[PDB]
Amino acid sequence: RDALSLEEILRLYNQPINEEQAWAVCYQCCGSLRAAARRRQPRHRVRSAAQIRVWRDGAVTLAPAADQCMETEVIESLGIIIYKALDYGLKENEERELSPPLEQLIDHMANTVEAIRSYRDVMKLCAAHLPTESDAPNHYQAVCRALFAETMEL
């Protein structure tokens, strides 16, 4: 097989993703969505983790759900789905403590803050999490590549 859904990955591990994987899926998915916007592809909200496809080479793409849409709404729905992958298997009354830069990323993506407006803004914030910003493409590809290979061993 060449791709696993984020949903499959969560089920196989029966535990949430780690923080680095959240940063990486976010960066990588936004990279693909940005390439698709260049070709005026139809925009789809991320309804569940099933739509997020992690590939053997570490690319991450967004499939349409089996069933107008602003760029910000795709981002918002991705932010929500990523948060649920970090929260996977927790009781409704418990809450994972995220590092502050990652909480901030999610808060801004989901518009729950008490300012991100494109795929490119999300990528900039993900790149800034690394000590050396220019390592982002190779590092985040490597994280998702490892996430795939490891899940395939189980």
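Residue indices: 1-based, along the sequence shown.
Unmodelled residues of the deposited sequence between neighbouring positions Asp67 and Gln68 number 10 or more.
The entry shows a gap from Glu114 to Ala115, with 10 or more unmodelled residues of the deposited sequence in between. Mean C-alpha B-factor is higher over 142 to 150 than over the other stretch, the pair under comparison being 21 to 29 and 142 to 150. As recorded in the PDB entry, 8 to 16 is the stretch of 8 to 16 and 127 to 135 with the greater mean C-alpha temperature factor. Between the residues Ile106, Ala85, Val54, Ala63, the entry's highest C-alpha temperature factor is the one at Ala63. Looking only at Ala50, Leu102, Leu90, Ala59, the residue with the top Cα B factor in the deposited structure is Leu90.
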